[PDB]
């Protein structure tokens, strides 16, 4: 049985944490995005009651490392994570434990496979808001060790991440998980269609103002999701770039590809726990399990 027991598409828009009003988040809402939050409650129980992992490995797009792929090996990251674009929605006080041994193994395997890598050991570096948001939504108790991976990209000229390098990083992640005997759940924290409102509604959680950016983005999200819920993951290898080209999907960050590659492109369907929009962007919560 593979050490990676599940892989999840786990989007991180700050609106989802804002709407939950957790103790760690300073701003307070009147709710919002309930169906997506309820879908996450379903994922939380799956992680807690079924998968029972030794570690959560998360790849997210906003810790943009311009040189290679970095691994956070800080034993006990702590700090205040303020979302710069939505500081009124997300000011999160975080505190969690890193599976340092696994993170070091991931960095070692990735470099062995030809990727430029670095291990972060400076506790003064603030964890990015997307990593924090994804981990909160997957496990708000923070009682599972974590390995946070950076997203290789260019912060001065953002582009489609190298999906090939992400497949390599995924293999590196699988090798490290197997070599260290860990039981892991992966969190690929990408939204889907990523065109959004240019103006925020007066009340952020005014759900009348929440809907697809346009039907083109919606139908493309549906095409991807239909392939996910039906056939194997191998065809997604080509559908993902196609969906990126048509919708500017946040999956261009490569986290979805990284996770699917880590799972070995299993011949299985994904369980779409929920889909909805956040300021017009498509957001899907999906769980993939190994073959069998």
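Residue numbers count along the first chain shown, from 1.
A.B. asks: Which of the two stretches, 47-55 or 30-38, shows the higher mean Cα temperature factor in the record?
C.D. replies: Result of the comparison: 47-55.
A.B. asks: Check the entry's C-alpha temperature factors for 109-117 and 81-89, then say which stretch has the higher mean.
C.D. replies: 109-117 has the higher mean C-alpha B-factor.
A.B. asks: Split into thirds by Cα B-factor across the chain's modelled residues, where does residue 186 land: lowest, middle or highest?
C.D. replies: Residue 186: CA B-factor falls in the lowest third of its chain.
A.B. asks: Comparing residue 269 with the other modelled residues of its chain, is its CA B-factor in the lowest, middle or highest third?
C.D. replies: It belongs to the highest third of the chain when residues are ordered by C-alpha B-factor.
A.B. asks: Lowest, middle or highest third: where is residue 253 by C-alpha B factor in its chain?
C.D. replies: CA B-factor rank for residue 253: lowest third.
A.B. asks: What third of the chain does residue 150 rank in for C-alpha temperature factor, lowest, middle or highest?
C.D. replies: Ranked within chain, residue 150 CA B lands in the lowest tercile.
A.B. asks: Splitting the chain's C-alpha B-factors into thirds, which one does residue 140 fall into?
C.D. replies: According to the entry, residue 140 has a C-alpha B-factor in the chain's middle third.
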